[PDB]
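Structure, as structure tokens:
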Amino acid sequence: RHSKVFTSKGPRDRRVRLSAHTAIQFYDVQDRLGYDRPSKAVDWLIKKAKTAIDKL
Amino acid sequence: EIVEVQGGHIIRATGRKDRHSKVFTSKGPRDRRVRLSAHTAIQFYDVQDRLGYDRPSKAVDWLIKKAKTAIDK
DNA sequence: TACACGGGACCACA
DNA sequence: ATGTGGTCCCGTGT
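Quick note, the sequences are listed as chains A and B, same order. Using full-length UniProt numbering, the first residue of the first sequence is number 32, and each one after it goes up by one. Using full-length UniProt numbering, the first residue of the second sequence is number 14, and each one after it goes up by one.
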């Protein structure tokens with residue numbers, strides 16, 4: 032249990048599979064950032080993009 | 014088994030039970046899934062929906078294209 | 001303990 | 001054939 036979170040579309044899993052195109056780029060960010068776990072790269076990417084998230 | 018792709022490289026899957034490709038990175042072959050913590054998964058799945066994207070990977074693409082400036086630094 | 005991460009296998013699908 | 005997104009079970013570690 033606990034591997035789901037409550038989203039606006041229902042319960043969704045915390046493990047998600049990135050496309051090869053996306054994974055190549057996303058792992059680059061994580062590796063460049065030198066983070067141990069990839070979730071932390073997402074926290075960053077997100078925070079480094081509030082400006083836009085704020086629109087829409 | 015290596016295979017060239019736009020922006021990087023891919024490794025063909027070895028076993029017959031799973032035929033999922035891995036991507037080659039700076040620390041070697043890597044599986045393409047990623048687990049996110051709960052807090053992160055909640056804010057991530059928000060953005061995803063605010064873009065109305067079906068697939069999470071398309072919101073990670075958006076986020077990257079949107080942090081391009083940062084990334085490159 | 002409780003929660004977390006990620007490898008392996010897997011189903012439905014194209 | 002061989003890829004795909006996505007999920008389950010479990011070994012291991014915080």
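From the three backbone atoms N, C-alpha and C, an ideal C-beta is built for every residue, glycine too.
One alpha carbon belongs to B:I24, the other to A:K86, and they sit about 38 Å apart. The alpha-carbon of A:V36 is positioned some 20 Å away from that of B:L76. Pairing B:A80 with A:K79 gives a Cβ-Cβ distance under 8 Å. Scanning its chain for C-beta atoms nearer than 7 Å, with the 5 sequence neighbours on each side dropped, one finds around B:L49 the residues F57, in chain order. At a cut-off of 8 Å between C-beta atoms, B:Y58 counts as an interface residue with respect to chain A.
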